[PDB]
Structures are given as structure tokens and as C-alpha cells.
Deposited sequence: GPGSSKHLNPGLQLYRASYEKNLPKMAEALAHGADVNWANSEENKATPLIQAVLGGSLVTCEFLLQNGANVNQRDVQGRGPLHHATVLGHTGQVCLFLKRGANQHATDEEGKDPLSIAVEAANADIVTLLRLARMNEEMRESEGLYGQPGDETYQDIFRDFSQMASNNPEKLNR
């Protein structure tokens, strides 16, 4: 089951095993029907590795694909306080307006968590959306803003 092999290896930060699963025909967007239709990219988020997320995106992962609760990679990274993954997903066109089946978006979650860094990334990405919609002085470099933030919060419930 190459999809399942990819799914497991993504949590485990194991890029060779991920690659092997892909070589055997794993769907990079495989959904695990036994585990809430979660995906390799959602497993990469839960595992905490930025490079595993990058690898999946480079190999065609849908940055927005949701689990059965309507939660995508950006939702999960926000909940776990994975600031670096939030930054990556925002730069890769993740839909931050998406709400899960309970009606929550990433910004509402970050605000409730009083997470200054993640709220800042989400709001500055929205500012870029608004600047673009009216159509660099017009373009916030959110990587630069991320670069001196903590990549995660180990005191949060995560790996």
C-alpha cells in the first residue's frame, strides 16, 4: 500500500521512504479512510518537519486538501503552533479563509491562542491579498518576518 507507506513516512520525516513510496505509485494526496481521511501532508505537519512539507509540495501535494473534519495543512499547523509550516503554506498559496466543519479558520484559532507570531503571518499574508486584489512597497516579505520568530512552540501539545 504505497499511499500508506508515504503517509507513515511523512510523519517520520523519512524522505527516502517517502520517495520510495512515490516511486511505487503512491498518491501524494492519498487519504487514509481509516484515520479521518488524513493525508501525507497533514502527517508531515503533525510530525513537525518543515522539509517533509516542502518535499510533498514539490512532488504535487495539494496544500489545501482537507481531512474529513474539513481541516487542511494550514489549520493543523496553526493549531499545533508550527510557525514555520504556517509561513511555508502561506507562501505556497494556502487558502487561509478555509473554515473547518466547526466553522473555524486559522486566524480565529491563532487569535484565540493569543499567538502573536502566527497571527502576524496570517494578517500580513491577508494584507498582501488585499494589496493584490486592488491590482516591494506593496508586498510584505513574510519570510523575512518569520526569520527571527521561533519555528514552533514545544510547550504546545504537539510532537
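Asker: Spell out the unmodelled ranges of the deposited sequence for me, N- to C-terminal, numbering from the first residue.
Answerer: Those stretches are 1 to 8, 144 to 150, listed in order.
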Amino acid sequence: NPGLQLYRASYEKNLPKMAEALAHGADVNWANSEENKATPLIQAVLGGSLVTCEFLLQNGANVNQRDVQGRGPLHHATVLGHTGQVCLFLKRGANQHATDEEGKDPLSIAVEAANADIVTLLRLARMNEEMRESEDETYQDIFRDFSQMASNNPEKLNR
From here on, numbers count along this sequence of modelled residues.
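Asker: Higher mean Cα B-factor in the deposited model: 89 to 97 or 37 to 45?
Answerer: Stretch with the greater average CA B-factor: 89 to 97.
Asker: Look over 126 to 134 and 53 to 61 in the entry and identify the one with the greater average Cα temperature factor.
Answerer: Between 53 to 61 and 126 to 134, it is 126 to 134 that shows the higher mean C-alpha B-factor.
Asker: Is residue 23 in the lowest, middle or highest third of its chain when residues are ranked by C-alpha B-factor?
Answerer: As the PDB entry reports it, the C-alpha B-factor of residue 23 lands in the highest third of its chain.
Asker: Based on the entry's values, in what third of the chain does the Cα temperature factor of residue 31 lie: lowest, middle or highest?
Answerer: Middle third - that is where residue 31 ends up once the chain's C-alpha B-factors are sorted.
Asker: By its CA B factor, does residue 110 count among the lowest, middle or highest third of the modelled residues in the chain?
Answerer: Lowest third of the chain for residue 110's C-alpha B-factor.
Asker: Should residue 102 be placed in the lowest, middle or highest third of its chain by the C-alpha B factor in the entry?
Answerer: For residue 102, the deposited C-alpha B-factor lands in the highest third.
Asker: Taking the values exactly as deposited, rank residue 142 by C-alpha B-factor within its chain and report the matching third: lowest, middle or highest.
Answerer: Middle third - that is where residue 142 ends up once the chain's C-alpha B-factors are sorted.
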